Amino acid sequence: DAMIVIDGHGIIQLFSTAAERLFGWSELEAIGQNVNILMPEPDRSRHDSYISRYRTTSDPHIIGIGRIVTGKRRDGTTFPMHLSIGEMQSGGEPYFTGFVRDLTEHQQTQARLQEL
């Protein structure tokens, strides 16, 4: 589907093959980058605080809720995707995993039916 693992600072730790196809970064390019490289403004500039905020408050806004958001490709094109976040820990540090479902086709079908 598309899978991404980040550390508690938002740095990409793992980047699945499907993720590469979906976003247009290669694994090496992507690893060691902030996850925000995947989103547009204003979310890009806020994502760190989203993360900071959750770590302190421990109130989920998307964790085990899911949400549809706009994702951003390497070539600058944006698209809708469903996102679910999981919390994990390893070596005492927290890790987040995101499962992505590309909603591009659903949106286009819907737009196209509306337009007709």
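The first residue of the shown sequence is 1; numbering continues from there. Throughout, rigid core stands for the largest set of C-alpha atoms superposing within 1.5 Å between the two forms.
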{"query": "In 7 other deposited structures of this protein, rigid core aligned: more displaced of 53 to 61 and 37 to 45 by C-alpha RMS", "finding": "53 to 61"}
{"query": "Residue stretch of maximal mean CA temperature factor, 78 to 86 vs 54 to 62", "finding": "54 to 62"}
{"query": "Position of residue 70 among the chain's modelled residues by C-alpha B-factor, lowest, middle or highest third", "finding": "lowest"}
{"query": "Cα B factor band for residue 49 (lowest, middle or highest third within the chain)", "finding": "highest"}
{"query": "CA B-factor placement of residue 20, once the chain's modelled residues are sorted into thirds", "finding": "middle"}
{"query": "Residue 102 - Cα temperature factor, lowest/middle/highest third of chain", "finding": "lowest"}
{"query": "Residue 116 - which third its CA temperature factor falls in, relative to the rest of the chain", "finding": "highest"}
